[PDB]
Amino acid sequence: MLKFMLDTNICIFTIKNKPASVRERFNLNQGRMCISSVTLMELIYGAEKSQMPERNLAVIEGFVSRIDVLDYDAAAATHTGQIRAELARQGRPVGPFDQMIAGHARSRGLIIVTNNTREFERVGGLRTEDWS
């Protein structure tokens, strides 16, 4: 029943600003959303370096407790290695965390939900949606 994988940019976008349009998109697709553990790494890092780590970790816990967190396994690392090579043949620069997140979704046949679709635009074999 898993269908969407939320990238890091859409999580920061949602946690900081709490948009109304995202709230209705979450309530309708509840039970079919997830994030890669790479995104969990970035969220935890942001809380630990902030000025109120315990308060911010509490908000992350309520966010994480409503979705699934997928482990970055051998298949995800395999697709990420192929994508990094596919991107090298062109002049397309992509961030290392975003590369791993994209290959993770492709290894599971999931749709990337993101904040700005133009950075996942150049990867072949995966679908993206803009929930901004």
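Numbers for residues come from their place in the sequence shown, where the first is 1.
Student: Going by the B-factors listed in the PDB entry, is the mean over the C-alpha atoms higher for 60-68 or for 82-90?
Tutor: Between 82-90 and 60-68, it is 82-90 that shows the higher mean C-alpha B-factor.
Student: Going by the B-factors listed in the PDB entry, is the mean over the C-alpha atoms higher for 122-130 or for 4-12?
Tutor: Going by the record's values, the stretch with the higher mean is 122-130.
Student: Once the chain's modelled residues are ordered by C-alpha B factor and cut into thirds, is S21 in the lowest, middle or highest one?
Tutor: For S21, the deposited C-alpha B-factor lands in the middle third.
Student: Among the modelled residues of this chain, does the Cα B factor of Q51 put it in the lowest, middle or highest third?
Tutor: It falls in the top third of the chain.
Student: Using the B-factors in the PDB entry, rank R106's C-alpha atom against the chain and give the third, lowest, middle or highest.
Tutor: Its C-alpha B-factor belongs to the middle third of this chain's values.
Student: Test of reading the entry: by CA B factor among the chain's modelled residues, which third contains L28?
Tutor: It belongs to the highest third of the chain when residues are ordered by C-alpha B-factor.
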